[PDB]
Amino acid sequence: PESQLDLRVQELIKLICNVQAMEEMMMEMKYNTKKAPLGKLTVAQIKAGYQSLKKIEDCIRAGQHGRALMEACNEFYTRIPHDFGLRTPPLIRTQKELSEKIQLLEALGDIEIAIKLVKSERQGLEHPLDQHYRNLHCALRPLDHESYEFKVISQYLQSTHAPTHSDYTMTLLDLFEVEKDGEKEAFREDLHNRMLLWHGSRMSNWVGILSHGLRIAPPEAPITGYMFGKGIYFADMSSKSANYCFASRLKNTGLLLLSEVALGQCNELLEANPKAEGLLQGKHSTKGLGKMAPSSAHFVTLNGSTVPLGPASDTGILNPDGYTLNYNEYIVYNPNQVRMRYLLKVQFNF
């Protein structure tokens, strides 16, 4: 039969459920899509991968950068097959190298969800796009370009583009209202400091993110791979999140998520600290302080959340003991402090 979805929702579904596009992104992360096919991805395989990354972290923390690290890394590479051709497999020793493999394990986890969704099939009663959309359990409502909502989020996106991210501009192609099943029932409405904040992710992750929500990293993952602990990270500057779309000149279409974030009492921090969650003791979120952020003067309100609009003003924060974050980032440690609201289809103009 024919599809009953809006044509804009149809395009969105085709975009995020493109398994072959997921194949391409993984091959660009030096992952072996043939020896270990994304159709044969198991939660247990990804689980063992996280555990291998933890053993690597143990070696780095212990200074054991010889045999032990070599064998630890080889265990990760055996559980998570890589395709380096004739290159020798590289040792994982810095935090950034650790984070890179966490991102890969995250994308594999969200591809596992997406492949399971697309593979669940009916026959000739519903259009395939309609069944994928139903299986999402997340309503996606196309908003009108001339509508008022398009106007406010466009200014949010353009006016919070950071000036140090000058290699690209962004054009808003389409706007969707998001209502994931159950998120509104779980949301901590009692908490104050509710803001509409950004979250960017690779194109492979959206099916998993929309269907399961933004989630807390598993216990077996190495804690040092998360600069402010195992939580859910947002920015008030659109481009800082948009960097995490990992769009390229050739794949210059990505998605940006806007979410209501029940920040409550922020535990404000200057530098990173993977153990930041233990330092909350009563407070509800971590705020990493940046030298630049939208000013309280331009803040507005949308559906009960503070939209930190306006051009970014100089904040005045400076870390004397070390690196100073260029822009804010907020971290909550429970998904019930997050309600997804808007999905932006964004063209990156490099």
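In this text, rigid core is short for the largest set of C-alphas that superpose within 1.5 Å between two forms. The first residue of the sequence shown is number 1, and the count goes up from there.
Each structure in 4 other deposited structures of this protein is fitted to the shown form on the rigid core, and of 136-144 and 83-91 the C-alphas lie farther away on average for 83-91. Between stretches 184-192 and 146-154, greater average Cα displacement in 4 other deposited structures of this protein relative to the shown form, fitted by the core, falls on 146-154. Per-stretch averaging of Cα B factors for 92-100 and 119-127 places 119-127 on top. The mean Cα B-factor in the deposited entry runs higher for 16-24 than for the other of 16-24 and 328-336. Residue-level inspection of the entry shows that, of 113, 170, 223, 266, 266 has the top Cα B-factor. Note on the listed residues 253, 166, 205, 239: the highest Cα temperature factor in the record is that of 166. Sort the chain's modelled residues by C-alpha temperature factor and residue 147 lands in the highest third, per the entry. Residue 304: CA B factor lies in the middle third for its chain, per the PDB record. When the modelled residues of the chain are ordered by their C-alpha B factor, residue 52 lands in the lowest third.
Residue 181: CA B factor in the middle third of modelled residues in this chain (values from the PDB entry). Ranked within its chain, residue 218 lands in the lowest third, by CA B factor from the PDB record.
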